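Encoded as structure tokens, the following chain is the form solved without the partner chain, with no partner shown.
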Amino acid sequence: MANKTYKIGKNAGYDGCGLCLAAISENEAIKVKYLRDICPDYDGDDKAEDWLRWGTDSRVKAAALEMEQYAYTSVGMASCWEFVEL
């Protein structure tokens, strides 16, 4: 597939499936944060194009920056303790 998934960390804050950011470290997501938890104004269906919408929100930019403290932050979605870069 044309996208890059990693095992999410057991303490990263995995919640399930949806648009999220994550700090990628040794090809493990040591941290995760879902768009629906940063942006309570979001109304949609976890679309790959919604990152063109909320990927410039003041709280999204703060959440991605807060992941850069550890490792290489990435934009994408999660599923079943895996996080894929979009």
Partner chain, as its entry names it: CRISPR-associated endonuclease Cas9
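Numbering follows the first chain given and starts at 1.
What follows is about the form deposited with the partner chain bound, which we do not show.
Chemist: Does the partner chain get within 4.5 angstroms of any non-hydrogen atom of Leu52 in the deposited bound form?
Modeler: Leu52: no, not in contact with the partner chain in the deposited bound form.
Chemist: Though only this chain appears here, would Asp46 touch the partner chain in the deposited bound form if you measure heavy atom gaps against 4.5 Å?
Modeler: Although the partner chain is absent here, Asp46 would touch it in the deposited bound form, with heavy atoms inside 4.5 Å.
Chemist: Please determine whether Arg59 contacts the partner chain in the deposited bound form, using a 4.5 Å cut-off between heavy atoms.
Modeler: So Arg59 does not count as contacting the partner chain.
Chemist: Just to confirm, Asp15 within 4.5 Å of the partner chain in the deposited bound form by heavy atoms?
Modeler: Yes, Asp15 is a contact residue.
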